[PDB]
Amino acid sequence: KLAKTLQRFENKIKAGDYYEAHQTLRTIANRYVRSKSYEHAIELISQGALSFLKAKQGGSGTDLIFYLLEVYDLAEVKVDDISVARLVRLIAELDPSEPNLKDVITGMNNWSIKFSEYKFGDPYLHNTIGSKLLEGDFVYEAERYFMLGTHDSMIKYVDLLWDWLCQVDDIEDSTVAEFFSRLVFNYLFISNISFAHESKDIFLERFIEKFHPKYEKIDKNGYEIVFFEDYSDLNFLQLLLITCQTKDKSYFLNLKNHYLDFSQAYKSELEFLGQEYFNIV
């Protein structure tokens, strides 16, 4: 029966009878839902959304995605490889220009929050929706999702900031620091020290190759600091990482005492790190 329903549906799609295809699919889906045949509903709605999107019918496609997500909630669909896979497949067909692209993405992230152990959403899903958001010109949301994503997301996050920096045709220390500091602060906030170090390295490596600033590498006990002669803010930011790692109040205080200005510019961030790593209220 379901196979027959999908066959008739696809036939209407091919004939260009979008309205009828849409109307009939929802009616049948409604029936499955009333019967509590959620798996049947999910398969029908999911394939329907995909068909409309591939046919460039964004309106009907996203409409069914919202329907899919509501049933995911109703059916208490747990976040896992299979449930996420359906969404990832739909995202691949979403035109970054869809008027309601953002709402579709929010719905997907919200479901992954509600039915997973992740307070801010599934990291794997984040890697996918983050790139879609960037394509749709939602840069701050892309950043947030990449920050809360996977290792591949960390690489994409560095590319985002790197490409953005190269966009502004400005290499003043204060400007380069506006980009670099986001990698340092965000990864420190979620305590992913390994990501902080890797992103830091990629970003600085690229900055060096591109602009060839005056610098000298300082290596001690397995740690390295790229001392820039004309980018003191970058020096300070690199030292922040190691300092939080020590969780030593004295070093934190010593670092800030030496970089008074930067400590004022990043006052709010440092206050948070103060409580997070040094237990300073």
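Throughout, we count residues from 1 along the sequence that is shown.
*Asks:* Taking only the CA atoms, which stretch has the higher mean B-factor in the record, 122 to 130 or 163 to 171?
*Replies:* Stretch with the greater average CA B-factor: 163 to 171.
*Asks:* Could you check the entry and say whether 21 to 29 or 268 to 276 has the higher mean CA B-factor?
*Replies:* Higher of the two, by average CA B-factor, is 268 to 276.
*Asks:* If you check the C-alpha B-factor for each of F211, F115, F146, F138 in the entry, which is highest?
*Replies:* Answer for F211, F115, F146, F138: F211, with the highest C-alpha B-factor.
*Asks:* Taking the values straight from the PDB record, which of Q238, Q57, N254, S46 has the highest C-alpha temperature factor?
*Replies:* Max CA B-factor in the entry, restricted to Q238, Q57, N254, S46: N254.
*Asks:* Sorting by Cα B-factor within the chain, modelled residues only, which third would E198 end up in: lowest, middle or highest?
*Replies:* For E198, whose C-alpha B-factor we compare with every modelled residue in the chain, the answer is the middle third.
*Asks:* Just say lowest, middle or highest third for the CA B-factor of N221 relative to the other modelled residues in its chain.
*Replies:* It belongs to the highest third of the chain when residues are ordered by C-alpha B-factor.
*Asks:* Place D103 in the lowest, middle or highest third of its chain's C-alpha B-factors, as listed in the PDB entry.
*Replies:* Lowest third of the chain for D103's C-alpha B-factor.
*Asks:* Is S51 in the lowest, middle or highest third of its chain when residues are ranked by C-alpha B-factor?
*Replies:* According to the entry, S51 has a C-alpha B-factor in the chain's middle third.
*Asks:* Taking the entry's C-alpha B-factors for this chain, is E205 in the lowest, middle or highest third?
*Replies:* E205: CA B-factor falls in the highest third of its chain.
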